[PDB]
2 protein chains.
Amino acid sequence: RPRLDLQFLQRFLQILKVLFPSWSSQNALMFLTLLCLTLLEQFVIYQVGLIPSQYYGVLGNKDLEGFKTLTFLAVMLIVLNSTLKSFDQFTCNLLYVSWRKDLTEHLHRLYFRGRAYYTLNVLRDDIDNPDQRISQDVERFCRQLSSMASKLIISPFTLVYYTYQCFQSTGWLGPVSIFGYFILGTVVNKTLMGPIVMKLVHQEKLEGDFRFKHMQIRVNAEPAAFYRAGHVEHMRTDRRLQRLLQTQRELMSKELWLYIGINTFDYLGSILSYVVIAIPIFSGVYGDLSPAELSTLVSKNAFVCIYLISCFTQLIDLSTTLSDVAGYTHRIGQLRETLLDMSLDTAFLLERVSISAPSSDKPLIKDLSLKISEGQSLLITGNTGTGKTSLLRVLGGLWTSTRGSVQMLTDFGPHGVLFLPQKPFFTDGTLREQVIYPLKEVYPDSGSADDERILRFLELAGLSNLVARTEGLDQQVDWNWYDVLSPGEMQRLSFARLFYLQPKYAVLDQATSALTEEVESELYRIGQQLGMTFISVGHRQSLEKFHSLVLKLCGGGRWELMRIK
Amino acid sequence: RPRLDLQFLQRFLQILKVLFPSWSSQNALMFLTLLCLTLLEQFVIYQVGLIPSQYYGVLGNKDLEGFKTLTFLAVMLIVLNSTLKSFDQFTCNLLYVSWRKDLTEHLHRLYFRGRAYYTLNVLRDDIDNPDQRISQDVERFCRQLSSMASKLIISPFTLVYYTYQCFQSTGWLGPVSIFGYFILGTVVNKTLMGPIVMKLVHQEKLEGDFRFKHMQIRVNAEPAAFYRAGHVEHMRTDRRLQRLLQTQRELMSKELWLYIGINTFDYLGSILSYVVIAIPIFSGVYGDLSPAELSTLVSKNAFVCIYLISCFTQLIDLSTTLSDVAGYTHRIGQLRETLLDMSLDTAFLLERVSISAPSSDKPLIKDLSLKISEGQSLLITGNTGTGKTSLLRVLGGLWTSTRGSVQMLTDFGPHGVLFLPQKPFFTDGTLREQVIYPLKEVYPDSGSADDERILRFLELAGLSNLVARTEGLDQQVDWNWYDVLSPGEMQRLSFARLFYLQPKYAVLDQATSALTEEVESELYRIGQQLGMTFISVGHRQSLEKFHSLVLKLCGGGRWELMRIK
Ligand SMILES: Nc1ncnc2c1ncn2[C@@H]1O[C@H](COP(=O)(O)OP(=O)(O)OP(=O)(O)O)[C@@H](O)[C@H]1O
Ligand SMILES: Nc1ncnc2c1ncn2[C@@H]1O[C@H](COP(=O)(O)OP(=O)(O)OP(=O)(O)O)[C@@H](O)[C@H]1O
């Protein structure tokens, strides 16, 4: 599928439509000072190309004061040739920084659009590692594009000037025997960069699946070392490593032919200008002199045609770094393609709803005629895998019902409806950010300076000994918030998140790892004290005093609304 | 700290001691066919450098049959110049593959040594992203080393031959004015590659912390999208992105000077051979002729000294790709340094044990006089964060007691002692591998062909409907085993892992998200039926019928051994 086709150009142009969004952008005005910099350095390189030629004239007669103006002209030209070549290398690397800022942030608006970070990771197998496409492949495309962004910018000009310099030396049978050397030179690459990209996207999945294998160790270091699983996870990660090293070694077995088809074009290009001028030795249609029509004509013709291929083998010298780019735009363009179409009182109403697991066909629950009002706070207890949570997912817009109508009558927000997941979430950030987490900032939201509400609610949830652990509410705790915290207090920090953003309906789920009558009840006592109406999931014989309904689910689609008292 | 010092060489040589382990290795014998390949191509490049010179002689007299042997000699030399240059580029990229196979697998033996994946990730802040050092920085060091492994291998020779060619043309005042141009040329880089590496390791932490930020989204897509946290995690990940893009842009502001100090050395090197021969125009100690001693002497001297700097500016042309290498060996050498010193009946005995959290000072538990025998299976119930699990960590060798003596009298294994973590673990692999997980293979271990034991235990744990979900016990399920599974059946798959590897002592922990009398008791009924003696953690009013002791922990170090009946 990633086969360098005519599809790749739309995957490349729609990438380039956001790298360069419009004229007078932060990249096009960095590109115009890239064109007008290699244009200036092409004048200087030729001008410093004349300095050793006009050096023998002043050394050939030994006048130091007439020499001191030449070196001073040369050294001024050298530090002009440097700071034009160095600023050519810099503003490409400033373009590489300002490309991946404009492409990742374009991908971030697509990745966190509504729920597209959810659906790619748990509901899609076509797009394997979207973390690797956004982080590394944008970094690796924008580097391999910027390395060839200094030679794809002067080659629109230095090919034009040298073809004019060649047309005035050979004629109609001149540069079209070099343009025909490009058409043969790039067809022999476009059929040879084929199995590169097919073995590079496959090299990029396995370099991303291996990196995710290490972050199934870094995120899960605490459970894995309980099993003493060093000698297991070695033979699991090396199995992930060898599959990468048997497709990185496979890429070099394919890129060997790409190195051949470039080095053949380069070195035979040093002699193909000479066989253009086989027309004396095969035809001789302008045969006038043996030492003068033959010598210093072809020495004038090879001095201009090798001068042409010197700016024309550049476009094939980067066929490796365009096979790399075409490998990465078949990763990023595989991602923003699937992200673009993916962008397309009385808590909730459920009308004959038939939720199933996404892989299988049988429904987890069969028919729902469900309605939640203020002060109801129904339990959703049941069996182990009967789809207790799968009701809650379609309330959060996670899944869609196969056959049924689901809607909510209250908006998501602080005082609206707030979910709590089964395994809890904690982002990187301060303790102040871990509790207002769906709101991400509170001082423009609230306006009140004092945040004594959360310092109340932390001790009200009981974990005020954590505040001394995180040294106040300061930035960059440098924690993982998963291994350093505790599932006893992951729930309590999730409850302080719920207590801060007290809704008209909480969609609380699995408040376990807390004492069933001592603090599981006490965390629920703040719910009626704040008027929360928490629709909860829990198979514990303490929740029924807080909950009106029961909603058993024992079976492949069951209803059993009980209203215990 | 990463400042290109004399420490860096020991961090580079101890890396190179394992890239090249000994002579006749899989890399040194790939390096000897790299030396003996650029040596062969240096002869060919000079031999094909004579083909256009001896071309005007046969074109200057128009003999096609005497010409047809030249092009046939040339094209044979071109396809010899290609497949020596291309095999030079290939066997470097085969060296890059076979370097990162030998360096990652050296790092994997250090990473999963005893518990070093645990201690780096949850007990260390000095080594931030060891996933990025092992995966990406070994890949990025071994690529930036292999790109300069084709020019650091011929430069021991082509510098020798050209200095001999220069000593026979200028003398004592010749190449030591070029060797002095290297000593100035590399001191002006060794003081300029300083702030590159200091801003590249900092560029590599933030490129690794950002990639881990995406895998705190990919691993946690299910809880984060319950909060509708797209508009939050955008402004969290972009905050992680902008900190990378304000230090990648900072690197280009520092690498601009490194591009200057190379392009100044290169282009002034085109004229510094000429100012070596200021000794006619300043001294004139061999002044004999004006047109003949002055011309075609320096034209012979610039034809050999620029010929020398052509092989001598290569060693400074790669000062960028050695600033990159020195950035990455201060990442890998920061890692294998901290990994090398890190390598240094009656279940357990606890003698006055005073476990604390690693950051704080106060002990979670104060004094332990504890002993576990067969058929005891004590509960460890208590408060939410009083260090219930912290007793279990030192039993697994995770933590060490601050003051106390801990030991075990039974080895870890199938029939020995087996832990279960609070949050459960599932590696990538088949369902057969998810249940024998601390053993990683069973058919050399067991020998028996039929594995009806696990198909018994899965339905005995109840989750035999999972076997149809994973299509048998086949390889590469392509799942995450965390989002696709369920915390109801994460426990049940952990229990089938415990039932397969039935120990004399299970160190079970938090068998929650299962029905307290229906299947939490039923999973424990297989424990006495298999004779497991499971020391467990759980604050539920059903576990006490299976458990002898209680071991309350209500407070900052408490004992309360009760032995309920
Ligand atoms: N994201 C998913 N992708 C694919 N299959 C899934 C996914 N989530 C769940 N499933 C499948 O469908 C079932 C639904 O389980 P569900 O989410 O209802 O968990 P539960 O154990 O009932 O709830 P809880 O653990 O919160 O008590 C899972 O056991 C699994 O087989
Ligand atoms: N790996 C760690 N690094 C630093 N601090 C830690 C780490 N693990 C725990 N802590 C700190 O020490 C405390 C010890 O908690 P512990 O592991 O005993 O959890 P618990 O809630 O008692 O157990 P459980 O959740 O299994 O019932 C944590 O609350 C936290 O403050």
# chains A, B, ... in the order shown; residues from 1 in each chain; ligands from 1

call {"tool": "select_by_dssp", "arguments": {"residues": "region 248-297 of chain A", "states": "alpha helix (DSSP H)", "output": "PyMOL selection string"}}
result
chain A and resi 248-276+279-282

call {"tool": "write_last_selection", "arguments": {"atoms": "N, CA, C and O atoms", "output": "CSV table (one decimal), in the first residue's frame"}}
result
chain,number,residue,atom,x,y,z
A,248,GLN,N,15.1,-3.8,9.7
A,248,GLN,CA,16.0,-2.8,9.4
A,248,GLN,C,17.2,-3.3,8.6
A,248,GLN,O,17.7,-2.6,7.8
A,249,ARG,N,17.6,-4.6,8.8
A,249,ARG,CA,18.5,-5.3,8.0
A,249,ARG,C,17.9,-5.6,6.6
A,249,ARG,O,18.6,-5.6,5.6
A,250,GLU,N,16.6,-5.8,6.6
A,250,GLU,CA,15.9,-6.0,5.3
A,250,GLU,C,15.9,-4.7,4.5
A,250,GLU,O,15.9,-4.8,3.3
A,251,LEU,N,15.9,-3.6,5.2
A,251,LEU,CA,15.9,-2.3,4.4
A,251,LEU,C,17.2,-2.0,3.8
A,251,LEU,O,17.3,-1.5,2.7
A,252,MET,N,18.3,-2.4,4.5
A,252,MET,CA,19.6,-2.2,3.9
A,252,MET,C,19.8,-3.1,2.7
A,252,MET,O,20.5,-2.7,1.7
A,253,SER,N,19.2,-4.3,2.7
A,253,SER,CA,19.3,-5.2,1.5
A,253,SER,C,18.5,-4.6,0.4
A,253,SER,O,18.7,-5.0,-0.8
A,254,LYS,N,17.5,-3.7,0.6
A,254,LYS,CA,16.8,-3.1,-0.4
A,254,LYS,C,17.4,-1.7,-0.7
A,254,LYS,O,17.4,-1.3,-1.9
A,255,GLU,N,18.0,-1.0,0.2
A,255,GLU,CA,18.6,0.3,0.0
A,255,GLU,C,20.0,0.1,-0.7
A,255,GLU,O,20.5,1.2,-1.1
A,256,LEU,N,20.5,-1.1,-0.7
A,256,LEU,CA,21.7,-1.3,-1.5
A,256,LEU,C,21.5,-1.0,-2.9
A,256,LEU,O,22.4,-0.5,-3.6
A,257,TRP,N,20.4,-1.4,-3.5
A,257,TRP,CA,20.1,-1.1,-4.9
A,257,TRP,C,19.8,0.3,-5.1
A,257,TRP,O,20.1,0.8,-6.2
A,258,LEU,N,19.3,1.0,-4.1
A,258,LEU,CA,19.1,2.5,-4.3
A,258,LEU,C,20.4,3.2,-4.2
A,258,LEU,O,20.5,4.2,-4.9
A,259,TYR,N,21.3,2.7,-3.5
A,259,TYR,CA,22.7,3.3,-3.5
A,259,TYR,C,23.4,3.1,-4.8
A,259,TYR,O,24.2,3.9,-5.3
A,260,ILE,N,23.1,1.9,-5.4
A,260,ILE,CA,23.7,1.6,-6.7
A,260,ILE,C,23.1,2.5,-7.8
A,260,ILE,O,23.9,3.2,-8.5
A,261,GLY,N,21.8,2.7,-7.9
A,261,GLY,CA,21.1,3.5,-8.9
A,261,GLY,C,21.4,5.0,-8.7
A,261,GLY,O,21.0,5.7,-9.6
A,262,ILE,N,22.0,5.4,-7.6
A,262,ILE,CA,22.4,6.8,-7.5
A,262,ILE,C,23.9,6.9,-7.8
A,262,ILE,O,24.3,7.8,-8.6
A,263,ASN,N,24.7,6.0,-7.3
A,263,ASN,CA,26.2,6.1,-7.6
A,263,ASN,C,26.5,5.7,-9.0
A,263,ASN,O,27.5,6.1,-9.5
A,264,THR,N,25.6,4.9,-9.6
A,264,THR,CA,25.8,4.7,-11.1
A,264,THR,C,25.5,6.0,-11.8
A,264,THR,O,26.2,6.3,-12.7
A,265,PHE,N,24.4,6.7,-11.5
A,265,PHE,CA,24.0,7.9,-12.1
A,265,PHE,C,25.1,9.0,-11.9
A,265,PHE,O,25.3,9.8,-12.8
A,266,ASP,N,25.7,9.0,-10.8
A,266,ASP,CA,26.7,10.0,-10.5
A,266,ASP,C,28.0,9.8,-11.2
A,266,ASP,O,28.4,10.7,-11.9
A,267,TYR,N,28.5,8.6,-11.2
A,267,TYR,CA,29.9,8.4,-11.7
A,267,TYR,C,29.8,8.2,-13.2
A,267,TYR,O,30.8,8.7,-13.9
A,268,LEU,N,28.8,7.5,-13.7
A,268,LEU,CA,28.7,7.5,-15.2
A,268,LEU,C,28.3,8.8,-15.7
A,268,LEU,O,28.5,9.1,-16.9
A,269,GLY,N,27.6,9.7,-14.9
A,269,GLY,CA,27.4,11.1,-15.3
A,269,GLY,C,28.7,11.9,-15.4
A,269,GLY,O,28.7,12.9,-16.1
A,270,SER,N,29.8,11.4,-14.8
A,270,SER,CA,31.1,12.1,-15.1
A,270,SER,C,31.6,11.8,-16.5
A,270,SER,O,32.4,12.6,-17.0
A,271,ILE,N,31.2,10.7,-17.1
A,271,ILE,CA,31.6,10.4,-18.4
A,271,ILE,C,30.5,10.5,-19.5
A,271,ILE,O,30.8,10.4,-20.7
A,272,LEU,N,29.3,10.7,-19.1
A,272,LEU,CA,28.2,10.7,-20.1
A,272,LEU,C,28.2,12.0,-20.9
A,272,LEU,O,27.8,11.9,-22.1
A,273,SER,N,28.8,13.0,-20.4
A,273,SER,CA,29.0,14.2,-21.2
A,273,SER,C,30.0,13.9,-22.4
A,273,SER,O,29.9,14.6,-23.5
A,274,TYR,N,30.9,13.0,-22.2
A,274,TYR,CA,31.9,12.7,-23.2
A,274,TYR,C,31.3,11.9,-24.3
A,274,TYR,O,31.7,12.1,-25.5
A,275,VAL,N,30.3,11.0,-24.0
A,275,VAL,CA,29.7,10.2,-25.1
A,275,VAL,C,28.6,10.9,-25.7
A,275,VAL,O,28.1,10.5,-26.8
A,276,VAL,N,28.2,12.1,-25.2
A,276,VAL,CA,27.4,13.0,-26.0
A,276,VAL,C,28.1,13.5,-27.2
A,276,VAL,O,27.6,13.7,-28.3
A,279,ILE,N,29.6,12.3,-31.6
A,279,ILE,CA,29.3,12.8,-32.9
A,279,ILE,C,30.6,13.3,-33.7
A,279,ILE,O,30.4,13.3,-35.0
A,280,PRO,N,31.7,13.6,-33.2
A,280,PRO,CA,32.9,13.6,-34.0
A,280,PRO,C,33.4,12.2,-34.4
A,280,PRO,O,33.7,11.9,-35.5
A,281,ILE,N,33.4,11.3,-33.4
A,281,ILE,CA,34.1,10.0,-33.6
A,281,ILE,C,33.1,9.0,-34.3
A,281,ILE,O,33.6,8.0,-34.9
A,282,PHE,N,31.8,9.3,-34.3
A,282,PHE,CA,30.9,8.5,-35.0
A,282,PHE,C,30.4,9.1,-36.3
A,282,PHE,O,30.2,8.4,-37.3

call {"tool": "residues_near_ligand", "arguments": {"ligand": "ligand 2", "cutoff": "7 Å", "atoms": "only C-alpha atoms and all ligand atoms", "output": "list in words"}}
result
residues 466, 483, 484, 485, 486, 487, 488, 489 and 513 of chain A; 122, 123, 357, 358, 359, 383, 384, 385, 386, 387, 388, 389, 390, 422, 509, 510 and 537 of chain B

call {"tool": "write_last_selection", "arguments": {"atoms": "N, CA, C and O atoms", "output": "JSON list (two decimals), in the first residue's frame"}}
result
[["chain", "number", "residue", "atom", "x", "y", "z"],
["A", 466, "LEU", "N", -0.93, 14.13, 51.11],
["A", 466, "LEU", "CA", -0.31, 14.19, 49.80],
["A", 466, "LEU", "C", 0.23, 15.59, 49.50],
["A", 466, "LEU", "O", 1.18, 15.72, 48.73],
["A", 483, "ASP", "N", 2.67, 5.26, 39.59],
["A", 483, "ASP", "CA", 3.48, 4.45, 40.48],
["A", 483, "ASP", "C", 3.72, 5.14, 41.81],
["A", 483, "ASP", "O", 3.73, 4.47, 42.85],
["A", 484, "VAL", "N", 3.91, 6.46, 41.79],
["A", 484, "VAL", "CA", 4.15, 7.19, 43.03],
["A", 484, "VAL", "C", 2.87, 7.28, 43.86],
["A", 484, "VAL", "O", 2.91, 7.15, 45.09],
["A", 485, "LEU", "N", 1.72, 7.42, 43.22],
["A", 485, "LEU", "CA", 0.48, 7.37, 43.96],
["A", 485, "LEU", "C", 0.06, 5.94, 44.22],
["A", 485, "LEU", "O", 0.80, 4.98, 44.02],
["A", 486, "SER", "N", -1.15, 5.82, 44.64],
["A", 486, "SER", "CA", -1.69, 4.57, 45.10],
["A", 486, "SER", "C", -3.13, 4.41, 44.65],
["A", 486, "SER", "O", -3.90, 5.36, 44.73],
["A", 487, "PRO", "N", -3.53, 3.20, 44.24],
["A", 487, "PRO", "CA", -4.94, 2.96, 43.92],
["A", 487, "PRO", "C", -5.89, 3.13, 45.09],
["A", 487, "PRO", "O", -7.10, 3.26, 44.85],
["A", 488, "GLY", "N", -5.41, 3.13, 46.32],
["A", 488, "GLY", "CA", -6.22, 3.63, 47.42],
["A", 488, "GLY", "C", -6.50, 5.11, 47.29],
["A", 488, "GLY", "O", -7.62, 5.57, 47.48],
["A", 489, "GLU", "N", -5.48, 5.89, 46.93],
["A", 489, "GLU", "CA", -5.64, 7.33, 46.82],
["A", 489, "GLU", "C", -5.73, 7.81, 45.38],
["A", 489, "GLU", "O", -5.86, 9.02, 45.16],
["A", 513, "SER", "N", -11.05, -0.09, 46.38],
["A", 513, "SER", "CA", -9.80, 0.14, 47.11],
["A", 513, "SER", "C", -9.96, 1.21, 48.18],
["A", 513, "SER", "O", -9.05, 1.98, 48.48],
["B", 122, "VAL", "N", 10.60, 4.19, 38.75],
["B", 122, "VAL", "CA", 9.82, 4.64, 39.89],
["B", 122, "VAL", "C", 10.69, 5.10, 41.05],
["B", 122, "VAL", "O", 10.16, 5.70, 42.00],
["B", 123, "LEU", "N", 11.99, 4.85, 41.03],
["B", 123, "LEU", "CA", 12.85, 5.19, 42.16],
["B", 123, "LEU", "C", 14.00, 6.09, 41.76],
["B", 123, "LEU", "O", 14.92, 6.29, 42.56],
["B", 357, "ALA", "N", 7.96, 5.12, 52.90],
["B", 357, "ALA", "CA", 7.95, 5.62, 51.54],
["B", 357, "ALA", "C", 9.34, 6.16, 51.20],
["B", 357, "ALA", "O", 10.02, 6.70, 52.07],
["B", 358, "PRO", "N", 9.78, 6.01, 49.95],
["B", 358, "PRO", "CA", 11.17, 6.35, 49.62],
["B", 358, "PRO", "C", 11.47, 7.84, 49.67],
["B", 358, "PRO", "O", 12.61, 8.22, 49.94],
["B", 359, "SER", "N", 10.48, 8.69, 49.42],
["B", 359, "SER", "CA", 10.73, 10.13, 49.48],
["B", 359, "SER", "C", 10.70, 10.64, 50.92],
["B", 359, "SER", "O", 11.59, 11.37, 51.35],
["B", 383, "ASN", "N", -5.89, 0.59, 56.18],
["B", 383, "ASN", "CA", -6.40, 1.87, 55.72],
["B", 383, "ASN", "C", -6.04, 2.06, 54.25],
["B", 383, "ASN", "O", -5.54, 1.14, 53.59],
["B", 384, "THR", "N", -6.27, 3.26, 53.71],
["B", 384, "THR", "CA", -6.15, 3.49, 52.28],
["B", 384, "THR", "C", -4.70, 3.64, 51.81],
["B", 384, "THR", "O", -4.37, 3.20, 50.71],
["B", 385, "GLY", "N", -3.84, 4.25, 52.60],
["B", 385, "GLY", "CA", -2.49, 4.55, 52.16],
["B", 385, "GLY", "C", -1.49, 4.30, 53.26],
["B", 385, "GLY", "O", -0.40, 4.88, 53.27],
["B", 386, "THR", "N", -1.86, 3.42, 54.19],
["B", 386, "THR", "CA", -1.04, 3.12, 55.36],
["B", 386, "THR", "C", 0.09, 2.16, 55.06],
["B", 386, "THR", "O", 0.72, 1.66, 56.00],
["B", 387, "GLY", "N", 0.37, 1.88, 53.79],
["B", 387, "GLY", "CA", 1.45, 0.98, 53.45],
["B", 387, "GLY", "C", 1.04, -0.46, 53.61],
["B", 387, "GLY", "O", 1.76, -1.24, 54.23],
["B", 388, "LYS", "N", -0.13, -0.82, 53.09],
["B", 388, "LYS", "CA", -0.50, -2.23, 53.05],
["B", 388, "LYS", "C", 0.38, -2.98, 52.07],
["B", 388, "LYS", "O", 1.04, -3.95, 52.42],
["B", 389, "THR", "N", 0.47, -2.42, 50.86],
["B", 389, "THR", "CA", 1.29, -3.02, 49.78],
["B", 389, "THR", "C", 2.78, -2.87, 50.09],
["B", 389, "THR", "O", 3.57, -3.72, 49.62],
["B", 390, "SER", "N", 3.17, -1.86, 50.88],
["B", 390, "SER", "CA", 4.59, -1.64, 51.09],
["B", 390, "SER", "C", 5.24, -2.75, 51.90],
["B", 390, "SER", "O", 6.46, -2.93, 51.82],
["B", 422, "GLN", "N", -1.19, -4.97, 42.63],
["B", 422, "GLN", "CA", -2.44, -4.28, 42.87],
["B", 422, "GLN", "C", -3.11, -3.93, 41.55],
["B", 422, "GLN", "O", -4.25, -4.34, 41.28],
["B", 509, "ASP", "N", -2.99, -9.88, 45.97],
["B", 509, "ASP", "CA", -3.22, -8.52, 46.44],
["B", 509, "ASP", "C", -4.36, -7.92, 45.65],
["B", 509, "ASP", "O", -4.27, -7.81, 44.42],
["B", 510, "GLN", "N", -5.42, -7.52, 46.36],
["B", 510, "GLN", "CA", -6.53, -6.73, 45.84],
["B", 510, "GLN", "C", -7.23, -7.45, 44.68],
["B", 510, "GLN", "O", -7.17, -7.04, 43.52],
["B", 537, "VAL", "N", -4.32, -9.06, 50.48],
["B", 537, "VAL", "CA", -4.66, -7.72, 50.93],
["B", 537, "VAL", "C", -6.07, -7.43, 50.46],
["B", 537, "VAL", "O", -6.36, -7.49, 49.26]]

call {"tool": "closest_residue", "arguments": {"among": "A:173, A:398, A:461, A:59", "to": "ligand 1", "atoms": "only C-alpha atoms and all ligand atoms"}}
result
A:398

call {"tool": "closest_residue", "arguments": {"among": "B:482, B:12, B:307, B:312", "to": "chain A", "atoms": "only C-alpha atoms"}}
result
B:482

call {"tool": "closest_residue", "arguments": {"among": "A:403, A:124, A:547, A:213", "to": "ligand 1", "atoms": "only C-alpha atoms and all ligand atoms"}}
result
A:124

call {"tool": "select_by_dssp", "arguments": {"residues": "region 250-360 of chain B", "states": "strand (DSSP E or B)", "output": "mmCIF file with N, CA and C atoms, in the first residue's frame"}}
result
data_model
loop_
_atom_site.group_PDB
_atom_site.id
_atom_site.type_symbol
_atom_site.label_atom_id
_atom_site.label_comp_id
_atom_site.auth_asym_id
_atom_site.auth_seq_id
_atom_site.Cartn_x
_atom_site.Cartn_y
_atom_site.Cartn_z
ATOM 1 N N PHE B 348 8.000 -16.214 54.732
ATOM 2 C CA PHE B 348 8.982 -15.124 54.974
ATOM 3 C C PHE B 348 9.206 -14.885 56.471
ATOM 4 N N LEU B 349 10.346 -14.259 56.791
ATOM 5 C CA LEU B 349 10.722 -13.873 58.141
ATOM 6 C C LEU B 349 10.968 -12.374 58.181
ATOM 7 N N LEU B 350 10.291 -11.696 59.099
ATOM 8 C CA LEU B 350 10.378 -10.251 59.251
ATOM 9 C C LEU B 350 10.824 -9.959 60.674
ATOM 10 N N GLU B 351 11.952 -9.270 60.823
ATOM 11 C CA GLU B 351 12.536 -9.002 62.138
ATOM 12 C C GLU B 351 12.697 -7.496 62.310
ATOM 13 N N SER B 356 9.308 2.502 54.996
ATOM 14 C CA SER B 356 8.843 3.852 54.739
ATOM 15 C C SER B 356 8.697 4.075 53.243
#

call {"tool": "atom_distance", "arguments": {"atom1": "CA of residue 447 (chain B)", "atom2": "CA of residue 477 (chain B)"}}
result
24.7 Å

call {"tool": "closest_atom_pairs", "arguments": {"of": "chain B", "to": "ligand 1", "cutoff": "12 Å", "atoms": "only C-alpha atoms and all ligand atoms", "output": "tab-separated table"}}
result
residue	atom	partner	partner_atom_place_in_ligand_line	distance
B:219	CA	ligand 1	1 (N)	11.7
B:220	CA	ligand 1	1 (N)	11.3
B:221	CA	ligand 1	1 (N)	9.4
B:222	CA	ligand 1	1 (N)	7.4
B:223	CA	ligand 1	1 (N)	10.9
B:225	CA	ligand 1	1 (N)	11.7
B:462	CA	ligand 1	29 (O)	11.9
B:463	CA	ligand 1	29 (O)	9.1
B:464	CA	ligand 1	31 (O)	10.9
B:465	CA	ligand 1	31 (O)	8.2
B:466	CA	ligand 1	31 (O)	6.6
B:467	CA	ligand 1	31 (O)	10.1
B:468	CA	ligand 1	31 (O)	10.0
B:469	CA	ligand 1	31 (O)	7.1
B:470	CA	ligand 1	31 (O)	9.6
B:478	CA	ligand 1	4 (C)	11.5
B:479	CA	ligand 1	4 (C)	8.8
B:480	CA	ligand 1	3 (N)	9.4
B:481	CA	ligand 1	3 (N)	9.6
B:482	CA	ligand 1	1 (N)	8.7
B:483	CA	ligand 1	1 (N)	5.1
B:484	CA	ligand 1	7 (C)	4.1
B:485	CA	ligand 1	30 (C)	4.9
B:486	CA	ligand 1	21 (O)	4.9
B:487	CA	ligand 1	25 (O)	4.4
B:488	CA	ligand 1	21 (O)	4.0
B:489	CA	ligand 1	21 (O)	6.2
B:490	CA	ligand 1	25 (O)	8.4
B:491	CA	ligand 1	25 (O)	9.6
B:492	CA	ligand 1	21 (O)	10.3
B:493	CA	ligand 1	29 (O)	11.3
B:512	CA	ligand 1	25 (O)	9.6
B:513	CA	ligand 1	27 (O)	5.9
B:514	CA	ligand 1	27 (O)	7.8
B:515	CA	ligand 1	27 (O)	9.7

call {"tool": "closest_residue", "arguments": {"among": "A:500, A:546, A:117, A:227", "to": "residue 418 (chain B)", "atoms": "only C-alpha atoms"}}
result
A:227

call {"tool": "closest_residue", "arguments": {"among": "A:285, A:473, A:30, A:302", "to": "chain B", "atoms": "only C-alpha atoms"}}
result
A:302

call {"tool": "closest_residue", "arguments": {"among": "B:211, B:202, B:366, B:239", "to": "chain A", "atoms": "only C-alpha atoms"}}
result
B:211

call {"tool": "atom_distance", "arguments": {"atom1": "CA of residue 243 (chain B)", "atom2": "CA of residue 94 (chain A)"}}
result
15.6 Å

call {"tool": "residues_around", "arguments": {"residues": "region 286-299 of chain A", "least_positions_apart": "2", "cutoff": "6 Å", "atoms": "only C-alpha atoms", "output": "PDB file with N, CA and C atoms, in the first residue's frame"}}
result
ATOM      1  N   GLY A 284      31.287  13.047 -37.202  1.00  0.00           N
ATOM      2  CA  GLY A 284      32.247  14.035 -37.660  1.00  0.00           C
ATOM      3  C   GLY A 284      31.649  15.076 -38.577  1.00  0.00           C
ATOM      4  N   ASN A 301      33.407  21.697 -23.539  1.00  0.00           N
ATOM      5  CA  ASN A 301      32.080  21.107 -23.447  1.00  0.00           C
ATOM      6  C   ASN A 301      31.954  20.253 -22.190  1.00  0.00           C
ATOM      7  N   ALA A 302      33.021  19.556 -21.802  1.00  0.00           N
ATOM      8  CA  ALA A 302      32.984  18.846 -20.529  1.00  0.00           C
ATOM      9  C   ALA A 302      33.110  19.804 -19.358  1.00  0.00           C
ATOM     10  N   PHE A 303      33.686  20.983 -19.577  1.00  0.00           N
ATOM     11  CA  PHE A 303      33.748  21.982 -18.521  1.00  0.00           C
ATOM     12  C   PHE A 303      32.400  22.635 -18.255  1.00  0.00           C
TER      13      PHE A 303
ATOM     14  N   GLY B  60      40.903  13.201 -29.543  1.00  0.00           N
ATOM     15  CA  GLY B  60      41.705  14.094 -30.350  1.00  0.00           C
ATOM     16  C   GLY B  60      42.237  13.534 -31.651  1.00  0.00           C
ATOM     17  N   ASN B  61      41.926  12.283 -31.990  1.00  0.00           N
ATOM     18  CA  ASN B  61      42.339  11.714 -33.260  1.00  0.00           C
ATOM     19  C   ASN B  61      41.317  10.788 -33.910  1.00  0.00           C
TER      20      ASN B  61
END
